[PDB]
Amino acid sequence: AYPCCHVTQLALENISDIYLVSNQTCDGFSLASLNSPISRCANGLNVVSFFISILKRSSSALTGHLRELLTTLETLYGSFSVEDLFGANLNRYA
């Protein structure tokens, strides 16, 4: 339950789809869902950063589709404020 999952401590080979939440969906938390053809909860900021770095290293990914994903992931990443992470409850779920 609760698509706003709870992150708790599976390679990238067996991953097919990945869903990323917005900054309003989970009250500011950046969460991701990894799933294989099974749903895994992941840290949003770390996942987004990973993909941003992959595209930057792959500057020959200049399809209009992938060139838009890079800029979109940087705006999404910047919408989340790590400073809004006060001593608030990191266990609101689960």
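The first residue of the shown sequence is 1; numbering continues from there.
Unmodelled stretch separating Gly64 from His65: none (count of deposited-sequence residues without coordinates). According to the entry, the deposited sequence has 4 to 9 residues without coordinates between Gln9 and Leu10. Remark: stretch with higher mean C-alpha B factor among 43-51 and 56-64 is 56-64. In this entry, the higher average B-factor at the C-alpha atoms falls on 10-18, of the pair 10-18 and 71-79. Sort the chain's modelled residues by C-alpha temperature factor and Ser33 lands in the lowest third, per the entry.
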